[PDB]
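Chemist: First the structure, which I've put down as C-alpha cells, then a few questions once you've had a look.
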Amino acid sequence: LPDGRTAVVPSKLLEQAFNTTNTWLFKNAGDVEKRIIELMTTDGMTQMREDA
Amino acid sequence: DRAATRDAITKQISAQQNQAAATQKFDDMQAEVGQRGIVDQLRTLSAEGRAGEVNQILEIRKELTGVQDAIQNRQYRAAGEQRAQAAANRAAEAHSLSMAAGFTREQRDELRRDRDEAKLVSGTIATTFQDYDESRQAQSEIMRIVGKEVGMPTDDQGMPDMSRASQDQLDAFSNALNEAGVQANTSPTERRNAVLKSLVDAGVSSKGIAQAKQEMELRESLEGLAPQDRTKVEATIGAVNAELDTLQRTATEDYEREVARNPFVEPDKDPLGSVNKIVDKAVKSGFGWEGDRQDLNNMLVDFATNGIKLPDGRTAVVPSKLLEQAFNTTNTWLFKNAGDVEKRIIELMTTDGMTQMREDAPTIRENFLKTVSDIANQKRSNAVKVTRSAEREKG
Amino acid sequence: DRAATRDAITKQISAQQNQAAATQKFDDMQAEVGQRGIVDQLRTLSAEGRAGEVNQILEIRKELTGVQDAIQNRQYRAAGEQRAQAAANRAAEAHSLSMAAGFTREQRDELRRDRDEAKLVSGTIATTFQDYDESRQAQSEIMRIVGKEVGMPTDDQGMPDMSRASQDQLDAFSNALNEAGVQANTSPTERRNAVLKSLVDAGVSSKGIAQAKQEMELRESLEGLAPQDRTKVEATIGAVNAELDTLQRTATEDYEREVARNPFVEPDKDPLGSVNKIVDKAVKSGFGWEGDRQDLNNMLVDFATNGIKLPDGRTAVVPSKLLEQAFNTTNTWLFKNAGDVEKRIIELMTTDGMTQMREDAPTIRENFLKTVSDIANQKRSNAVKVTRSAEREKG
Amino acid sequence: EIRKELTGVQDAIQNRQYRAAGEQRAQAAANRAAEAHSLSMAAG
C-alpha cells in the first residue's frame, strides 16, 4: 500500500477488479497491479478496511 | 452498484443501517431458528394482529358463530392494514424517485425521513419485546417450579392464578424471592430509556420520541392486562379504529386505481428491457433508422433513464405504453430518423390532457401519502386515549 | 377515440366523472374483494330487491306455499323493473343519438341530464349506505361483546333484543357508553348534508335534491324498522306499486315491439361492418361499379355514418335491411353507377309510409321516455307518502 | 395435571436447548473472530 503498509487483497474484490468491460485493457503485470492498487485505495474501501 | 461517496452521511444513512438491522432481525425471528413456540402463524405485525394470533393459540352455535366472526373480522382488518401499508410504501418510493429529478432532501425526503423514523421505532420496539419474551418464559419456568413446590392454585400456564392468590398465597412467593432468585424485573422502566438512547444514537425528531413513548405506555398497559381483559381491550381498540380502517382502505383502492390509470405516478424498471422488442418492429418490413439499431436502443434507454428535455425547461421520463403507442403509427415509413421520432415523442408528451395528467400525478401521490399519515396518526391517538382512559378507570 | 376539446365542460361531464366513479365503486363492491358476507346473490339494485335478498339470507304447506309465492312475486317484480330500466336506457341513448344530428343540449339532453342526475343520486346513496354498513357491523361487534359481558337477552345477531330490553337492561348500555366507546352515531343527520354538498359539488337541479331528500327520509325510516316490520313495510310498498309496475312493463313490451318494427327508432353500429357483404353481391355475375369496390364501401359507410341528404333539407341515416332490400332488385344490371344507386335509395327513403314511420320513431321514443319517467315519479311519490304515513302512525 | 407436566417438560427442554445452542454458536463465532484478528495482527 502507498501509505507504507501491506494488506492482503480479498477474493471477490480481486475478481471484480479483473472483470472489466473488455479484457484488452489489462494485459501486462504492471497494469493489473496498478489497477488493483488504485482500487484498494478507494475511499469507501479504505474506510471499510480500517473499520474491520 | 453504487459508487457514490458517503462522506458525512449524518442522516438517512445511519437510519438506513438501523432499519437494515431491524429487517434482518425480523427475518431471523421469522425463520424460527431451532425449536420454539408459535404454533399458529404468529405474524406479530401489529398489536391487533399479535393479539389475534395469541387468541388463535388459545349455546354450541353461539361460540361456533362467534369464533368465526372474530376470525373473519381480524383477518379482514389485518389484510386491509397490510395492503394499505404496502401500497403506501410503493407510493412513497415512487414519489421519492420522481422528486429525485436533477443531498436534495426537501419536503419529499422530509416525509420519507419521518416515515422511516416511525418504521425504525416500530421495528426496534417489536425486536425488544420479542427479545424480552424469551427471558420472561425462562423465568416463568422457575416461577412455576417454585409455585408448584410451595403449592398455589395453578392452571395450564403453570403460574399461580392472580385472582385466586391471596396475600398468604403470595407470601410463599415473597419468601422465595427473599431466599434466592434476585429477579428485580425492573426493565419496565430501564427498557424504554435504553430504547430512547438507541433512538438518540440513531437521531429521531421529537415526534418520533413521542410516538415511542406512547408505544411504551400502551405496550406496558397491554402486558399488564389479563389475557381475557387484554383481548377485550384490543377488540375495543379495533372497534374504535374500524371507521379509520374503512376510510384508509377506501382511499387505498381509489388511489391504486388512479395509479393503474396513470403511469406517471408509478414508473417501472421492467420496461427498460422491454423497449428492445419495439426496435424489432422498426426493422420487419419497415423503414426506420439507417442501420442504427444499437443507436436507437441507446437513445431509448437514455430517454427511459434520464427523460426527454421538455420545452418548458424540465426533464420528464417517458412511460412505456405511451412510448409504444407513439411508435405504432398507421405506416412506419413516416418515422425513420432519430430527430423525427424524438420530435414525435416531444410533441405527444406536450398534449394538453397528457400534461395535465403529468402534473396531476405528484399531487395525488402526495395526497395519498398525507392521508395515510393522518390515518395512522389518528389511529394511534384514539388508541392511546382509549388505553389511558381504561387504565385510569381500572385503577 | 375522441379528440374533442373539453374547454369549459361545466355540465354533463363532471356528472360523467361522478357516474363513472359510482359505476366503478359498484363494480368493486360486487367483486367482493377479500372475504365478506352476502351468502345469497345480494344484488342490492333497489330497496325492494335488497329487502328480498335480506329475506333470502333469513301448517307446513302454509309456509311452503307462502315462501314460494313471496319469492316468485319478488323475482317477477325485480326482473320487470330491471328489464324496463335497461330498455329505457337503450331508448334514451338512441334518442340522444338521433337528436345529435347536425353543446347542442336542447330538451333531449335536458331529459338526459335529469335522468343522469337521478342515476347519480341513486348510485351515490347506495355507495354511502354500503360504506356505512361495514362500520355498523364493526361497531355491532363491540355492542354484542359488551351486552354479553353485562348480560342482556340476545338472539343470533348478538345485539340485545329491543322489545325485551327494559330500562334497567338499557342502563348497562348507558353505563358502558359513559365508560368508553364514545360512538355518537350522529351520522343520520350529517350523512345527508354531506351528500348534499357532494351533489352541490356535482351540480344538481332542485328536483334531484328533493329526490335525494326523499331517499334519505325513506332509507332512514327503513333502517329504523325492525326486520319483520321492515319486511312488512317493503311488501306493502311493493303491493301499492304493483299497478304502476304492471303499467310500466306493459308499456315496455309495447314500445320494444314497436322498436322491433322500426329501425329508425333504434340504429346499430354492427351493420357498419356488414355492408361489405352487399358489395360482394355487386360483383358475383353482376354489373355494378366500374371497379370501384373501395369507392362503394367508402360511400356506403359515409351514408351509414352521416346519412343521405334528404330533399326536404335534412340528413337521415339509412338503416341496414332497408338498404339491402333497396340493393336487392330483380336484376342487378339496372344499378351500376353510384349516381343511380344513390337516386334509388333517395327515392326509396322518400316513400310516404317510410317517411311517416320516420317521423313516428322519435315521437314514440320520447313518449316511452316520458311514460317511464312518470312511472318512476309516481312510484317514488306513493312510496314516500306510504312510508311517512306509516312512520306517523307508528309514532 | 397431565398437561401441566406435558407443557413444563417441553418448555424446559426448549429453553435449555435454545440457550445452549446460542452459547455454543457465540463461542464458535468468537473463536473464529479471534483467529482472524490474530492473523490480521500477525502482519510484519
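Just so it is clear, none of the values below were taken in a lab; they were calculated from the coordinates. Backbone-built Cβ (ideal geometry, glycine too); neighbour counts: all protein chains shown.
Chemist: Note the direction-averaged projected area, equal to a quarter of the hull surface, for the Cα convex hull of chain B, in nm².
Modeler: Values: hull surface 113.9 nm².
One quarter of the hull surface, i.e. the mean projection, equals 28.5 nm².
Chemist: Could you tell me how many cubic angstrom of Cα convex hull volume the protein assembly as shown has per residue? Don't jump to the answer; show the numbers that get you there.
Modeler: Working: hull volume 261.2 nm³, N = 886.
Looking at the protein assembly as shown, the number lands at 295 Å³ per residue.
Chemist: Could you give me the ³J(HN,Hα) list for the stretch B:386-395, computed from phi with Karplus coefficients 6.51, -1.76, 1.60 and θ = phi - 60°, whole Hz, x at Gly and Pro?
Modeler: 3J(HN,Hα) across the stretch B:386-395, in whole Hz: 5, 5, 5, 5, 5, 5, 5, 5, 5, x.
Chemist: How large is Rg/Rh for the stretch C:10-78, to two decimals, with Cα atoms and a Kirkwood Rh? All intermediate terms of the calculation are to be shown ahead of the outcome.
Modeler: Values: Rg = 17.3 Å, Rh = 14.7 Å.
On the Cα set of the stretch C:10-78, Rg over Rh gives 1.18.
Chemist: Report, please, the projected area of the stretch C:352-395 averaged over directions, based on the convex hull of its C-alpha atoms, in nm². Working shown, then result.
Modeler: Working: hull surface 11.2 nm².
Over every viewing direction, the Cα hull of the stretch C:352-395 projects on average to 2.8 nm².
Chemist: Here is a further query. For the stretch B:321-386, what does the equivalent ellipsoid look like in terms of its semi-axes, each the square root of 5 times an eigenvalue of the Cα gyration tensor, given largest first in whole Å? All intermediate terms of the calculation are to be shown ahead of the outcome.
Modeler: On the way: eigenvalues 434, 21, 12 Å².
Semi-axes, largest first: 47, 10, 8 Å.
Chemist: State the percent of C-alpha pairs, over all pairs in the stretch B:228-307, separated by a distance greater than 22 angstrom. If you can, show how the numbers build up before the last one.
Modeler: Details: 1826 of 3160 pairs.
Of all Cα-Cα pairs in the stretch B:228-307, 58 percent lie more than 22 Å apart.
Chemist: Set the Förster radius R0 to 25 Å, insert the Cβ-Cβ distance between residue C:17 and residue C:254 as r into 1/(1 + (r/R0)^6), and round the FRET efficiency to 0.05. Present the calculation step by step, with values, prior to reporting the outcome.
Modeler: Working: r = 36 Å, r/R0 = 1.44.
E(calc), rounded to 0.05, equals 0.10.
Chemist: Counting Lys +1, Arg +1, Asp -1, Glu -1, what net charge surrounds residue C:374 among other residues with beta carbon under 13 Å of its beta carbon?
Modeler: Values: positive: C:115, C:370, C:379, C:380; negative: C:114, C:366.
Every neighbour counted, the sum reads +2.
Chemist: Enumerate the amide H contacts of residue C:316 below 5 Å, restricted to partners 5 or more residues apart or on another chain; note that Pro and chain-start residues carry no placed amide H.
Modeler: Answer set, sorted by chain and number: C:308, C:310.
Chemist: Run the dipole for the stretch B:312-395 about the Cα centre, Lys and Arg Cβ at +1, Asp and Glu Cβ at -1, nothing else charged, and hand back the magnitude in debye, nearest 20. Let's see the in-between values first.
Modeler: Working: 14 positive and 12 negative charges, 137 e Å.
Magnitude of the dipole: close to 660 debye.
Chemist: Students often forget the sequence filter, so: which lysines lie under 19 Å Cα-Cα from residue B:284 once same-chain residues fewer than 8 apart are removed?
Modeler: The qualifying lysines are B:336.
Chemist: Give me the Å³ per residue figure for the convex hull around the C-alpha atoms of the stretch C:41-83. List each step's numbers first, then the result.
Modeler: Details: hull volume 2.8 nm³, N = 43.
Given the Cα convex hull of the stretch C:41-83, per-residue volume reads 65 Å³.
Chemist: So what is the 222 nm mean residue ellipticity for chain D from helices alone, if each DSSP H run of at least 4 adds -39500 (n - 2.57) and you divide by all residues, rounding to the nearest 500 deg cm²/dmol?
Modeler: Computed ellipticity for chain D at 222 nm equals -33500 deg cm²/dmol.
Chemist: Once the dipole of the stretch B:164-293 is set up with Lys and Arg at +1 and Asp and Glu at -1 on Cβ about the Cα centre, which of B:242, B:275, B:212 lies farthest towards its positive end?
Modeler: After comparing all options, I get B:275.
Chemist: Over the stretch C:128-200, what portion of Cα pair distances is larger than 16 Å, expressed as a whole percent?
Modeler: Values: 1520 of 2628 pairs.
Here the tail beyond 16 Å accounts for 58 percent of pairs.
Chemist: Output the 0 to 90 degree angle, nearest 10, between the alpha-carbon long axis of helix A:29-40 and the longest principal axis computed from the alpha carbons of chain A.
Modeler: Around 40 degrees separate the two axes.
Chemist: To continue, here is another question. In debye to the nearest 20, how big a dipole does the protein assembly as shown give about its Cα centre with +1 on each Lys and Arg Cβ and -1 on each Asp and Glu Cβ? It would help to have the intermediate numbers written out before the result.
Modeler: Details: 120 positive and 141 negative charges, 239 e Å.
Dipole size: approximately 1140 debye.
Chemist: Less than 27 Å apart at the alpha-carbon level, and either on another chain or at least 8 residues along: which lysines does that give for residue B:197?
Modeler: B:11, B:25, B:119, B:207, B:213, B:379, B:385
Chemist: Could you tell me the largest-minus-smallest coordinate of the C-alpha atoms of chain A on each of the three principal axes, in descending order and whole angstroms?
Modeler: 34, 20, 17
Chemist: As I understand it, the dipole of the protein assembly as shown uses +1 on the Cβ of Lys and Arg and -1 on the Cβ of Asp and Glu, about the Cα centre. Which of C:152, B:145, B:70 lies farthest toward its positive end?
Modeler: The one lying farthest along the dipole's positive direction is B:70.
Chemist: Which one, C:29, C:60, C:14, is farthest towards the positive end of the dipole of chain C when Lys and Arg carry +1 and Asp and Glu -1 on their Cβ?
Modeler: C:14
Chemist: On to the next question. Over all distinct Cα pairs, what is the inverse of the mean 1/r for the stretch B:173-220, reported as the Kirkwood hydrodynamic radius in Å?
Modeler: Working: mean 1/r = 0.0792 Å⁻¹.
Hydrodynamic radius (Kirkwood, Cα pairs) of the stretch B:173-220 is 12.6 Å.
Chemist: Which of the residue pairs C:232/C:370; C:269/C:309; B:62/B:232 have a Cα-Cα distance greater than 28 Å in the structure shown?
Modeler: Details: C:232/C:370 31 Å; C:269/C:309 20 Å; B:62/B:232 18 Å.
Too far apart for the 28 Å limit: C:232/C:370.
Chemist: Regarding the stretch C:141-285, what's the average projected area of the Cα-atom convex hull, expressed in nm²?
Modeler: On the way: hull surface 71.4 nm².
Mean projected area for the stretch C:141-285: 17.8 nm², to one decimal.
Chemist: Let me ask something additional. So which chymotrypsin sites (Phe, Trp or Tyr not before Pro) in the stretch B:268-308 end up in coil per DSSP with only 14 or fewer other C-beta atoms within 10 Å?
Modeler: Values: sites: B:287, B:289, B:303; in loops: B:287, B:289.
When the chymotrypsin sites (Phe, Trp or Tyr not before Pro) of the stretch B:268-308 are filtered for loop state and at most 14 Cβ neighbours within 10 Å, B:287 remain.
Chemist: If you don't mind, another one. Report the charge-dipole magnitude of chain B in Debye, nearest 20, computed about the Cα centre from +1 at each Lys and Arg Cβ and -1 at each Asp and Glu Cβ. Show your work: numbers first, answer last.
Modeler: Values: 54 positive and 64 negative charges, 150 e Å.
Using only the charged Cβ atoms, the result is roughly 720 debye.
Chemist: Cα-Cα pairs above 22 Å in the stretch C:199-270: how many percent? Intermediate results must be reported in sequence, preceding the final value.
Modeler: Numbers: 1461 of 2556 pairs.
Percentage above 22 Å: 57.
Chemist: Can I ask one more? Restricting things to alpha carbons, tell me how big the stretch C:261-395 is in terms of Rg and Dmax, in Å.
Modeler: Cα-based Rg and Dmax for the stretch C:261-395 come out at 23.4, 85 Å.
Chemist: Here is a follow-up. For a test of the definition: using alpha carbon positions, the gyration tensor, and the 1.5 limit on a/c, classify the stretch B:1-142 as rounded, prolate or oblate. Mind showing how you got there, number by number?
Modeler: Values: a/c = 3.32, a/b = 1.68, b/c = 1.97.
Cα axes put the stretch B:1-142 in the oblate bin.
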